[PDB]
>>> print(open('my_file30.txt').read())   # compact mmCIF, N, CA and C atoms
# COMPACT_ATOMS: atom_id res chain seq x y z
N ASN H 1 0.84 -1.23 0.00
CA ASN H 1 0.00 0.00 0.00
C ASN H 1 0.86 1.26 0.00
N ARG H 2 0.64 2.12 -0.99
CA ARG H 2 1.40 3.36 -1.10
C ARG H 2 0.51 4.49 -1.61
N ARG H 3 -0.24 4.21 -2.67
CA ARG H 3 -1.13 5.20 -3.26
C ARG H 3 -2.57 4.96 -2.81
N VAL H 4 -3.21 6.01 -2.30
CA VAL H 4 -4.59 5.92 -1.84
C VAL H 4 -5.53 5.61 -2.99
N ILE H 5 -6.71 5.09 -2.67
CA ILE H 5 -7.69 4.75 -3.69
C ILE H 5 -8.93 5.64 -3.59
N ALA H 6 -9.21 6.38 -4.66
CA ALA H 6 -10.36 7.27 -4.70
C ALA H 6 -10.59 7.81 -6.10
N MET H 7 -11.77 8.37 -6.33
CA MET H 7 -12.11 8.92 -7.64
C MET H 7 -11.43 10.27 -7.83
N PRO H 8 -10.95 10.55 -9.06
CA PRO H 8 -10.27 11.81 -9.37
C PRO H 8 -11.05 13.02 -8.87
N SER H 9 -12.36 13.03 -9.12
CA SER H 9 -13.21 14.14 -8.69
C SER H 9 -13.24 14.24 -7.17
N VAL H 10 -13.13 13.10 -6.50
CA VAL H 10 -13.12 13.08 -5.04
C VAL H 10 -11.87 13.77 -4.53
N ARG H 11 -10.75 13.52 -5.20
CA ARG H 11 -9.49 14.13 -4.83
C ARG H 11 -9.57 15.64 -5.00
N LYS H 12 -10.15 16.06 -6.12
CA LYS H 12 -10.32 17.49 -6.39
C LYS H 12 -11.28 18.08 -5.38
N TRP H 13 -12.33 17.32 -5.09
CA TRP H 13 -13.34 17.74 -4.13
C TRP H 13 -12.69 18.00 -2.77
N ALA H 14 -11.91 17.04 -2.31
CA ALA H 14 -11.22 17.17 -1.05
C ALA H 14 -10.27 18.36 -1.09
N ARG H 15 -9.42 18.39 -2.11
CA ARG H 15 -8.47 19.49 -2.27
C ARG H 15 -9.19 20.83 -2.29
N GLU H 16 -10.43 20.83 -2.77
CA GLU H 16 -11.23 22.05 -2.84
C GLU H 16 -11.73 22.44 -1.45
N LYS H 17 -12.04 21.44 -0.63
CA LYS H 17 -12.53 21.68 0.72
C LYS H 17 -11.39 21.71 1.74
N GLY H 18 -10.17 21.45 1.29
CA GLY H 18 -9.03 21.45 2.18
C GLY H 18 -8.74 20.08 2.77
N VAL H 19 -9.43 19.07 2.26
CA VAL H 19 -9.25 17.70 2.72
C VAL H 19 -8.37 16.90 1.77
N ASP H 20 -7.58 15.99 2.33
CA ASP H 20 -6.70 15.15 1.53
C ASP H 20 -7.17 13.70 1.57
N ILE H 21 -7.22 13.06 0.41
CA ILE H 21 -7.66 11.68 0.32
C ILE H 21 -6.79 10.78 1.20
N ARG H 22 -5.51 11.13 1.30
CA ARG H 22 -4.56 10.36 2.10
C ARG H 22 -5.04 10.19 3.55
N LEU H 23 -5.92 11.08 4.00
CA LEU H 23 -6.43 11.00 5.37
C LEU H 23 -7.91 10.61 5.39
N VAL H 24 -8.35 9.92 4.34
CA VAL H 24 -9.74 9.50 4.26
C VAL H 24 -9.85 8.01 3.95
N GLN H 25 -10.34 7.25 4.92
CA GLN H 25 -10.50 5.81 4.75
C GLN H 25 -11.77 5.49 3.97
N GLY H 26 -11.74 5.76 2.67
CA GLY H 26 -12.89 5.50 1.83
C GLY H 26 -13.38 4.06 1.93
N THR H 27 -14.68 3.86 1.73
CA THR H 27 -15.26 2.53 1.80
C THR H 27 -15.88 2.12 0.46
N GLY H 28 -15.42 2.76 -0.62
CA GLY H 28 -15.95 2.45 -1.94
C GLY H 28 -15.53 1.07 -2.43
N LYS H 29 -16.39 0.08 -2.21
CA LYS H 29 -16.11 -1.29 -2.63
C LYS H 29 -14.81 -1.81 -2.01
N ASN H 30 -13.68 -1.41 -2.57
CA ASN H 30 -12.38 -1.83 -2.06
C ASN H 30 -11.78 -0.78 -1.14
N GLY H 31 -12.55 0.27 -0.85
CA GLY H 31 -12.07 1.32 0.03
C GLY H 31 -11.84 2.63 -0.71
N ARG H 32 -12.55 2.82 -1.81
CA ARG H 32 -12.42 4.04 -2.60
C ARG H 32 -13.15 5.21 -1.95
N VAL H 33 -12.42 6.28 -1.67
CA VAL H 33 -13.00 7.46 -1.04
C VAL H 33 -13.91 8.20 -2.03
N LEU H 34 -15.21 8.02 -1.88
CA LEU H 34 -16.18 8.67 -2.75
C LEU H 34 -16.67 9.98 -2.14
N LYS H 35 -17.45 10.73 -2.91
CA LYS H 35 -17.98 12.01 -2.44
C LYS H 35 -18.67 11.83 -1.09
N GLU H 36 -19.22 10.65 -0.86
CA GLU H 36 -19.90 10.35 0.39
C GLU H 36 -18.89 10.28 1.54
N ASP H 37 -17.74 9.66 1.27
CA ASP H 37 -16.70 9.54 2.27
C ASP H 37 -16.18 10.91 2.68
N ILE H 38 -15.85 11.73 1.68
CA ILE H 38 -15.36 13.08 1.94
C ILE H 38 -16.39 13.88 2.72
N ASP H 39 -17.62 13.91 2.20
CA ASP H 39 -18.71 14.63 2.85
C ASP H 39 -18.87 14.15 4.29
N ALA H 40 -18.57 12.88 4.52
CA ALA H 40 -18.67 12.30 5.85
C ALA H 40 -17.47 12.71 6.69
N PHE H 41 -16.32 12.85 6.03
CA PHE H 41 -15.09 13.25 6.70
C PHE H 41 -15.26 14.62 7.35
N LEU H 42 -15.86 15.55 6.60
CA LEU H 42 -16.08 16.90 7.09
C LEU H 42 -17.27 16.95 8.04
N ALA H 43 -18.32 16.21 7.70
CA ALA H 43 -19.52 16.16 8.52
C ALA H 43 -19.53 14.93 9.42
N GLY H 44 -18.34 14.48 9.82
CA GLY H 44 -18.23 13.32 10.67
C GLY H 44 -17.17 13.47 11.74
N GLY H 45 -16.91 14.72 12.14
CA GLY H 45 -15.91 14.98 13.15
C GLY H 45 -16.49 14.96 14.56
>>> encode(input="my_file30.txt", output="structure tokens")
Amino acid sequence: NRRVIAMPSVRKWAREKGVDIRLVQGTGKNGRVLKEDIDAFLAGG
């Protein structure tokens, strides 16, 4: 494990909100950080 798994738009989304995928344990099938994961990251503190 070295590169995080997430959708390109999710990465941009996070970068836009100040969030980094590297700190988001996405649950997309294999652990892909989806818009839901990010939205949960900010609204899940």
>>> atom_distance(input="my_file30.txt", atom1="atom CA of residue 23 of chain H", atom2="atom CA of residue 4 of chain H")
9.0 Å
>>> select_by_dssp(input="my_file30.txt", residues="chain H", states="alpha helix (DSSP H)", output="PyMOL selection string")
chain H and resi 8-17+35-42
>>> atom_distance(input="my_file30.txt", atom1="atom CA of residue 35 of chain H", atom2="atom N of residue 17 of chain H")
11.3 Å
>>> atom_distance(input="my_file30.txt", atom1="atom N of residue 27 of chain H", atom2="atom CA of residue 6 of chain H")
8.5 Å
>>> closest_residue(input="my_file30.txt", among="H:32, H:40, H:45, H:25", to="residue 7 of chain H", atoms="only N, CA and C atoms")
H:32
>>> select_by_dssp(input="my_file30.txt", residues="chain H", states="strand (DSSP E or B)", output="ChimeraX atom specification")
/H:6,28,32-33
>>> closest_residue(input="my_file30.txt", among="H:38, H:43, H:13, H:1", to="residue 26 of chain H", atoms="all atoms listed in the file")
H:38
>>> closest_residue(input="my_file30.txt", among="H:18, H:30, H:36, H:41", to="residue 5 of chain H", atoms="only N, CA and C atoms")
H:30
>>> decode(input="my_file30.txt", residues="segment 20-39 of chain H", atoms="N, CA, C and O atoms", output="PDB file, in the first residue's frame")
ATOM      1  N   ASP H  20      -7.580  15.991   2.333  1.00  0.00           N
ATOM      2  CA  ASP H  20      -6.697  15.150   1.535  1.00  0.00           C
ATOM      3  C   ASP H  20      -7.173  13.700   1.567  1.00  0.00           C
ATOM      4  O   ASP H  20      -7.498  13.170   2.627  1.00  0.00           O
ATOM      5  N   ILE H  21      -7.217  13.061   0.406  1.00  0.00           N
ATOM      6  CA  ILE H  21      -7.659  11.675   0.325  1.00  0.00           C
ATOM      7  C   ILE H  21      -6.790  10.776   1.203  1.00  0.00           C
ATOM      8  O   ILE H  21      -7.266   9.789   1.768  1.00  0.00           O
ATOM      9  N   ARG H  22      -5.515  11.129   1.304  1.00  0.00           N
ATOM     10  CA  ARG H  22      -4.562  10.363   2.103  1.00  0.00           C
ATOM     11  C   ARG H  22      -5.037  10.191   3.548  1.00  0.00           C
ATOM     12  O   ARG H  22      -4.612   9.266   4.238  1.00  0.00           O
ATOM     13  N   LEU H  23      -5.918  11.081   4.004  1.00  0.00           N
ATOM     14  CA  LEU H  23      -6.432  11.002   5.370  1.00  0.00           C
ATOM     15  C   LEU H  23      -7.906  10.615   5.388  1.00  0.00           C
ATOM     16  O   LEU H  23      -8.627  10.933   6.332  1.00  0.00           O
ATOM     17  N   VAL H  24      -8.351   9.924   4.344  1.00  0.00           N
ATOM     18  CA  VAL H  24      -9.743   9.500   4.256  1.00  0.00           C
ATOM     19  C   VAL H  24      -9.849   8.010   3.949  1.00  0.00           C
ATOM     20  O   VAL H  24      -9.494   7.562   2.859  1.00  0.00           O
ATOM     21  N   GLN H  25     -10.342   7.247   4.919  1.00  0.00           N
ATOM     22  CA  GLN H  25     -10.500   5.807   4.754  1.00  0.00           C
ATOM     23  C   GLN H  25     -11.771   5.491   3.973  1.00  0.00           C
ATOM     24  O   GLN H  25     -12.759   5.018   4.537  1.00  0.00           O
ATOM     25  N   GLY H  26     -11.739   5.757   2.671  1.00  0.00           N
ATOM     26  CA  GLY H  26     -12.894   5.496   1.829  1.00  0.00           C
ATOM     27  C   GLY H  26     -13.375   4.062   1.926  1.00  0.00           C
ATOM     28  O   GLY H  26     -12.586   3.154   2.180  1.00  0.00           O
ATOM     29  N   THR H  27     -14.675   3.861   1.727  1.00  0.00           N
ATOM     30  CA  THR H  27     -15.262   2.526   1.796  1.00  0.00           C
ATOM     31  C   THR H  27     -15.877   2.124   0.456  1.00  0.00           C
ATOM     32  O   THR H  27     -16.750   1.257   0.401  1.00  0.00           O
ATOM     33  N   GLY H  28     -15.423   2.757  -0.622  1.00  0.00           N
ATOM     34  CA  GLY H  28     -15.949   2.446  -1.939  1.00  0.00           C
ATOM     35  C   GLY H  28     -15.527   1.074  -2.429  1.00  0.00           C
ATOM     36  O   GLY H  28     -14.446   0.918  -2.997  1.00  0.00           O
ATOM     37  N   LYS H  29     -16.386   0.081  -2.210  1.00  0.00           N
ATOM     38  CA  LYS H  29     -16.107  -1.291  -2.633  1.00  0.00           C
ATOM     39  C   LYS H  29     -14.813  -1.811  -2.008  1.00  0.00           C
ATOM     40  O   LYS H  29     -14.844  -2.562  -1.033  1.00  0.00           O
ATOM     41  N   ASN H  30     -13.678  -1.408  -2.572  1.00  0.00           N
ATOM     42  CA  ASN H  30     -12.380  -1.834  -2.064  1.00  0.00           C
ATOM     43  C   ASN H  30     -11.780  -0.778  -1.135  1.00  0.00           C
ATOM     44  O   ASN H  30     -10.642  -0.910  -0.689  1.00  0.00           O
ATOM     45  N   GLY H  31     -12.552   0.269  -0.847  1.00  0.00           N
ATOM     46  CA  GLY H  31     -12.073   1.322   0.028  1.00  0.00           C
ATOM     47  C   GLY H  31     -11.839   2.629  -0.707  1.00  0.00           C
ATOM     48  O   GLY H  31     -11.023   3.447  -0.283  1.00  0.00           O
ATOM     49  N   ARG H  32     -12.554   2.824  -1.810  1.00  0.00           N
ATOM     50  CA  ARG H  32     -12.419   4.040  -2.604  1.00  0.00           C
ATOM     51  C   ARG H  32     -13.152   5.206  -1.949  1.00  0.00           C
ATOM     52  O   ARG H  32     -14.359   5.137  -1.710  1.00  0.00           O
ATOM     53  N   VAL H  33     -12.420   6.278  -1.666  1.00  0.00           N
ATOM     54  CA  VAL H  33     -13.005   7.459  -1.044  1.00  0.00           C
ATOM     55  C   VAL H  33     -13.905   8.199  -2.027  1.00  0.00           C
ATOM     56  O   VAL H  33     -13.425   8.920  -2.902  1.00  0.00           O
ATOM     57  N   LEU H  34     -15.211   8.017  -1.877  1.00  0.00           N
ATOM     58  CA  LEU H  34     -16.179   8.667  -2.753  1.00  0.00           C
ATOM     59  C   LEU H  34     -16.669   9.976  -2.142  1.00  0.00           C
ATOM     60  O   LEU H  34     -16.350  10.294  -0.994  1.00  0.00           O
ATOM     61  N   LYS H  35     -17.447  10.732  -2.912  1.00  0.00           N
ATOM     62  CA  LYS H  35     -17.982  12.005  -2.442  1.00  0.00           C
ATOM     63  C   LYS H  35     -18.669  11.834  -1.090  1.00  0.00           C
ATOM     64  O   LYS H  35     -18.690  12.754  -0.271  1.00  0.00           O
ATOM     65  N   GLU H  36     -19.220  10.647  -0.860  1.00  0.00           N
ATOM     66  CA  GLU H  36     -19.897  10.350   0.394  1.00  0.00           C
ATOM     67  C   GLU H  36     -18.892  10.280   1.537  1.00  0.00           C
ATOM     68  O   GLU H  36     -19.146  10.777   2.634  1.00  0.00           O
ATOM     69  N   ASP H  37     -17.743   9.665   1.269  1.00  0.00           N
ATOM     70  CA  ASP H  37     -16.696   9.538   2.273  1.00  0.00           C
ATOM     71  C   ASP H  37     -16.177  10.911   2.675  1.00  0.00           C
ATOM     72  O   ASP H  37     -16.087  11.229   3.861  1.00  0.00           O
ATOM     73  N   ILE H  38     -15.851  11.730   1.679  1.00  0.00           N
ATOM     74  CA  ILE H  38     -15.356  13.076   1.939  1.00  0.00           C
ATOM     75  C   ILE H  38     -16.393  13.879   2.716  1.00  0.00           C
ATOM     76  O   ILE H  38     -16.093  14.452   3.765  1.00  0.00           O
ATOM     77  N   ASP H  39     -17.619  13.906   2.198  1.00  0.00           N
ATOM     78  CA  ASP H  39     -18.707  14.628   2.848  1.00  0.00           C
ATOM     79  C   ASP H  39     -18.871  14.155   4.289  1.00  0.00           C
ATOM     80  O   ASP H  39     -19.246  14.929   5.170  1.00  0.00           O
TER      81      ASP H  39
END
